[PDB]
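Here's the structure, in structure tokens; my notes come after.
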Amino acid sequence: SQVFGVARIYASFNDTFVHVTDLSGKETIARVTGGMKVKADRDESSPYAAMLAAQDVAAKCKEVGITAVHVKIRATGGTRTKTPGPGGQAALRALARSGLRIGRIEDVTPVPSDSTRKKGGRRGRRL
Amino acid sequence: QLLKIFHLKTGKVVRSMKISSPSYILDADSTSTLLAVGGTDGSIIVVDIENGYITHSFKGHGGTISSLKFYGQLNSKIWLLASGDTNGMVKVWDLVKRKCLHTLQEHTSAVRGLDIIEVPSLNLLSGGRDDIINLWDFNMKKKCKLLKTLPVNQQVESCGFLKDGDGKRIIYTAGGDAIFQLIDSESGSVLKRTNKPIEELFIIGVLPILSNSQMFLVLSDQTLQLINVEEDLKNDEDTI
Amino acid sequence: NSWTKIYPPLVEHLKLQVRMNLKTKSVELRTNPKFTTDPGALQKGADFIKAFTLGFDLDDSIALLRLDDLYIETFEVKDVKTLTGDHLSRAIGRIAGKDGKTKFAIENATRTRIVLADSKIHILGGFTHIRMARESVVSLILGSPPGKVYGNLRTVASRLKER
Amino acid sequence: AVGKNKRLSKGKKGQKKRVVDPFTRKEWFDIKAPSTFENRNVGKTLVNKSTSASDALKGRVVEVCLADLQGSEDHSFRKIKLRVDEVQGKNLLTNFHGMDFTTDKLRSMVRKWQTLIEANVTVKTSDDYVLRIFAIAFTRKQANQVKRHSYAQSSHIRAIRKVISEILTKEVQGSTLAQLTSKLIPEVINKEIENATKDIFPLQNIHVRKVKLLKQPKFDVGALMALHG
Amino acid sequence: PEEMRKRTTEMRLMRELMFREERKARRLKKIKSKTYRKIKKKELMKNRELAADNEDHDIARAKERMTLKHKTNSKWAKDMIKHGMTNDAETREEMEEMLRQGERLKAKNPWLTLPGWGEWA
RNA sequence: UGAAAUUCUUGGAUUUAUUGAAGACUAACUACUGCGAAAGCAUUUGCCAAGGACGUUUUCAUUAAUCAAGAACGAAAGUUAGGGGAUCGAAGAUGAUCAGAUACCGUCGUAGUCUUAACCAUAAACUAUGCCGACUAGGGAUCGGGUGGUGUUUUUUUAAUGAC
Ligand SMILES: [Mg+2]
Ligand SMILES: [Mg+2]
Ligand SMILES: [Mg+2]
Ligand SMILES: [Mg+2]
Ligand SMILES: [Mg+2]
């Protein structure tokens, strides 16, 4: 009676992607981003944008028939920060508030055993 | 998940009530007083439109309700409700006794089309997306037999019984590819059919009008087409 | 030793069903169908206890239960700049400052909390608050002396009060 | 940004009218696990209806936690990859494709003041299944230890790594893929590693970190139906 | 017995406490910067004076009056003075601090238990 | 990005999943630890020779310390001639040129970053501290080796080793 999905959330510095899919992950059920629910580029990464996108995806999720999901949060990873930012947290909260049962939470950020050089250079970046 | 009853003449929302789960299937009896609600949780809610209270709450289906058919007549006690879920399960609920009278499983895919007609004994026409049509015969007793299974070549979005000019029983099936066709129950052959549009489209439903004289073919592209089958049925041409 | 002040808010206000498992050394929170009412309480409780798990004072962690728009920002020093040996060790000292004064300077101005878990930094506040804090701490990493940062911290503080 | 003030983009010129709901033509498909796993039901998936649906089903890989399949939270940190191979009446017959641990679990095990031993072996089963195993071990301190750390001399890690190598290769060579998976669930391999490596050095948190499937043999549906019973 | 486990338990703490107190030293030992060390020395004397007889003083002057160690005839002080090198203020302060400290020495029918520590709470 | 535009994108971008290919590089373990004359050195296994310390009731018998001349190595950058060219990236162009905490940002990116065979020989190449030898306080942490105990664990037959 309980059908499970996978809510893949990607929280970047400049935007948050909320994606729900089948257990295999190949079928997309609904994809909504921070830019979807906002007017200004500066507010794409805002938690408020994430909450609206989460609410949007949740409505479609119920519409299709999926009632539970397994959340796989991740960040940019690679040569950049590994921890999901506030936006993914807000989206994760929104899904819980949406009423969809949350199956399992995991962090699947790309962690490189070895990585190429970063964009900043020797003197750094992120002034 | 809020049912709202709106009165056209009065033009205000007479009744508002809450349902257990989202419901995408709504059926109103021909007598225009009862409404059956098919939720994705398998629960069936029957509401009196004029009064606005729950009359029946049938919870037997496991899958999502995909089709609901009210059977009844004015000044009769043989009132029945037929419900089909997405699991190919069909149940004939009896309103007067408030119980499930029959259970059918031969369908494998979702059941989208239901129709009961009285045999001068009652006949049920069940059609689903599995591209088959099943004709059942049954009564108030523990009798429910399958008569025929028609491979209709088309995904059955909606189906029902139709009467010819001479009185011959006919079955109308509107489905995928945006085609509406008519099949004799006995022969099983398609008498008449509509031309398939070049654009891929589906008939999401059919709306009987004027004692089944003309039907509105609702298409997935939000376009309604009116066909007068009774005149077309008289026409010898096999194209509607 | 702080558990006496942890379960009361969750079990009573949030109406959650709490337990900590010695065998796996983890905390357990379960929603009670007959008692729990808020759908978001369970995740909120999880959000709260994590904050303590990152190194946060309990009372600060309670703010996450009381409010809903408090988030955790996290990053490492190496993400900013690849400092090593003494360079890394000094850079940590810059952020804390003498007697930890610098860390308190940012926290008051920005209305957040900071834990300097070696090279790991975590920030709690409103989204606007944490982002500006990210700027101040990072500016220290790049080599800015704290005294100059202190002046900027004062500047942003006034803007916060006016609005 | 969806806003009006957002500057217009080229891609807005050529656009198809949204007239068909894909889910209408999507047909749900039920997924079943091999008989090795206690809970065979592992959910369902959807694909476009055949115009075929079968081709997209083949090669379909799904990852799922062992706890759901075995109904025990002892496997909460373990995930199993299943690939769809045969389809019958909406039932998707799947076979073992891989195994791995949750990231949070791994990061938990890695800790300060101890030595990490990572051994990997590329070996083939009796069923001509080439696979690569990754095993992780952690040094521990004795009950009456008093030193803060329990680092091990490089000769031990080489000795520990060797002993892990034979057992991993030994088990894979003398078993089929299905039998190997039967070993993974109770983790008898981990207990075997502990006993053999016990004398050399005290170890903790011994696990088979990951399993990879490099090459597959020629497909045999007869070998598949027996696995599903 | 089980008390051996306890005995191990204290010994681990002592070593780990020693390791921490150790850990703070070489990092501090490596920081030799006169501004930093001067600040540390300044506050140390203030704490010394607040928290923590003439015979010792006479002996202290007695050594100072014979050795003559704290005037500008010393190797370091003579080296700075003769070369126009103490005219810079910072080194003059050190030279003057030396003289005062030397000067100081020379001074004289009816109708018919923890909840939830280990169990679910 | 503080805020944006060049820029890619309905021939489908980004995102999802099963793979494959190219070139670097060995995260987390990583520590007030180890090895090397220094510069430097972190995946698995094999071959090659090399090395400190320890043990020795084994051997040669002053063969030694320092070192102008002379010789080997020598961070990164750089030069010559091939290979390779994933990432980054001096130089350079170009989007934007509004706002001082976020005020130097983005896209493209040559030489270079890698490797083969050769050149240069400079650093806060720091312990701002020559090398060799003797002597001059207590304490316990760590690394390698050795010695001792009728100490714990393990060998789940003992044991002996291994770890404490
Ligand atoms: Mg080592
Ligand atoms: Mg050395
Ligand atoms: Mg070249
Ligand atoms: Mg150096
Ligand atoms: Mg000496």
Considering residues of region D:56-86 that are under 15 Å from D:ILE31 (Cα atoms) and among the acidic types (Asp, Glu) only, the residue farthest from the chain's Cα centre (by Cα): D:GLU86
Qualifying residues in region D:146-157 (those that are among the hydrophobic types (A, V, I, L, M, F, W, C) and more than 6 Å from RNA strand F (Cβ to nearest atom)) - the one nearest to D:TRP113 (Cα to Cα): D:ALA152
Among the candidates A:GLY103, A:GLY99, A:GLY77, A:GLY87, residue that is surrounded by 14 or more Cβ atoms within 10 Å (Cβ to Cβ) and within 9 Å of chain C (Cβ to nearest Cβ): A:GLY87
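So that you can scan it fast, the table gives a plain yes or no per residue for (1) outside any loop (DSSP other than H, G, I, E, B); (2) in the same structural domain as C:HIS129 (by CATH):
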{"site": "C:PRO8", "(1), (2)": "yes, no"}
{"site": "C:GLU12", "(1), (2)": "yes, no"}
{"site": "C:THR24", "(1), (2)": "no, no"}
{"site": "C:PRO39", "(1), (2)": "no, no"}
{"site": "C:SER89", "(1), (2)": "yes, yes"}
{"site": "C:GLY93", "(1), (2)": "yes, yes"}
Any strands (runs of 3 or more DSSP E) falling wholly within region D:1-85 and containing at least 2 residues that are within 11 Å of chain A (Cβ to nearest Cβ) and within 12 Å of RNA strand F (Cβ to nearest atom): D:61-65
Members of region D:86-115 that are in a helix (DSSP H, G or I) and not hydroxyl-bearing (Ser, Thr, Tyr): D:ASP104, D:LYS105, D:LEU106, D:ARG107, D:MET109
Out of E:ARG5, E:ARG65, sole residue that is surrounded by 10 or more Cβ atoms within 10 Å (Cβ to Cβ), near RNA strand F (Cβ under 10 Å from one of its atoms) and charged (D, E, K, R): E:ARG5
Members of region D:119-145 that are within 11 Å of RNA strand F (Cβ to nearest atom), surrounded by 15 or more Cβ atoms within 10 Å (Cβ to Cβ) and not in a strand (DSSP E or B): D:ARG140, D:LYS141
Single unsatisfied condition, D:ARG148 versus (1) within 14 Å of chain E (Cβ to nearest Cβ); (2) more than 16 Å from ligand 1 (Cβ to nearest atom): (2)
Some residue of region C:98-112 being under 25 Å from A:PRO86 (Cα atoms), surrounded by 15 or more Cβ atoms within 10 Å (Cβ to Cβ) and within 14 Å of chain A (Cβ to nearest Cβ): yes
Count of residues meeting criterion [surrounded by fewer than 16 Cβ atoms within 10 Å (Cβ to Cβ), under 21 Å from the mean Cα position of the chain (by Cα) and either farther than 30 Å from D:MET225 by Cβ or not small (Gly, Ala, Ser) (or both)] in region D:1-39: 3
In region C:122-162, the residues that are within 11 Å of RNA strand F (Cβ to nearest atom) and not in a helix (DSSP H, G or I): C:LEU142, C:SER144
Of residues in region D:146-164 being surrounded by 15 or more Cβ atoms within 10 Å (Cβ to Cβ) and assigned to a helix (DSSP H, G or I), the one nearest to the chain's Cα centre (by Cα): D:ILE164
Count - residues of region A:1-29 that are closer than 20 Å to A:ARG101 by Cα and among the basic types (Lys, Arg): 1
Per-region count, region A:26-42, residues facing chain D (nearest Cβ under 7 Å) and either within 26 Å of A:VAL3 (Cβ to Cβ) or under 14 Å from the mean Cα position of the chain (by Cα) (or both): 4
Top-ranked residue of region B:175-214 - restricted to ones that are assigned to a strand (DSSP E or B) and within 14 Å of chain D (Cβ to nearest Cβ), ranked as farthest from B:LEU226 (Cα to Cα): B:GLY176
Residues of region D:173-202 classified as within 16 Å of RNA strand F (Cβ to nearest atom) and either surrounded by 15 or more Cβ atoms within 10 Å (Cβ to Cβ) or β-branched (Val, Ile, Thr) (or both), total: 9
Unique residue being at positive phi and either in a helix (DSSP H, G or I) or in the same structural domain as C:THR112 (by CATH) (or both) when the list is C:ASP99, C:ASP60: C:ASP99
Qualifying residue in region E:25-37 (condition: exposed (fewer than 11 other Cβ atoms within 10 Å of the Cβ), under 23 Å from the mean Cα position of the chain (by Cα) and within 16 Å of E:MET98 (Cβ to Cβ)): yes
Test: residue in region C:65-73 that is part of a helix (DSSP H, G or I) and within 14 Å of chain A (Cβ to nearest Cβ): yes
Members of region C:11-20 that are facing another protein chain (nearest Cβ under 8 Å) and over 24 Å from the mean Cα position of the chain (by Cα): C:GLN17
Any hit, region B:94-105, residues being in a loop (DSSP other than H, G, I, E, B), among the polar types (S, T, N, Q) and crowded, with 17+ Cβ neighbours inside 10 Å: no
Among the residues listed as A:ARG74, A:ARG104, A:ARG80, A:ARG117, the single one being within 9 Å of RNA strand F (Cβ to nearest atom) and within 28 Å of A:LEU52 (Cα to Cα): A:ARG74
Matching residues, region D:101-118, being crowded, with 17+ Cβ neighbours inside 10 Å, more than 16 Å from ligand 1 (Cβ to nearest atom) and more than 10 Å from every other protein chain (Cβ to nearest Cβ): D:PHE101, D:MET109
Residue in region D:182-203 that is of a type in the set (D, E, K, R), within 14 Å of chain E (Cβ to nearest Cβ) and either away from ligand 1 (no atom under 16 Å from the Cβ) or under 30 Å from E:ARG12 (Cα atoms) (or both) present: no
Answer from B:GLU231, B:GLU200 - the residue that is surrounded by 14 or more Cβ atoms within 10 Å (Cβ to Cβ) and over 16 Å from B:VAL152 (Cα atoms): B:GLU200
So C:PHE52, is it buried (at least 17 other Cβ atoms within 10 Å of the Cβ) and in the same structural domain as C:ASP38 (by CATH): yes
Residues satisfying the stated conditions in region B:144-162, i.e. in a loop (DSSP other than H, G, I, E, B) and buried (at least 17 other Cβ atoms within 10 Å of the Cβ): B:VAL152, B:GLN154, B:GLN155
Residue in region D:125-136 that is within 27 Å of D:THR176 (Cβ to Cβ), touching a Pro at 6+ places or on another chain (Cβ under 6 Å) and either within 16 Å of ligand 1 (Cβ to nearest atom) or more than 13 Å from every other protein chain (Cβ to nearest Cβ) (or both) present: yes
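Basis: the model, the stated rules and, where named, an outside source; none is laboratory data. Because the Cβ atoms are built from the backbone with ideal geometry, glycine has one as well, and the counts that use them run over all protein chains shown.
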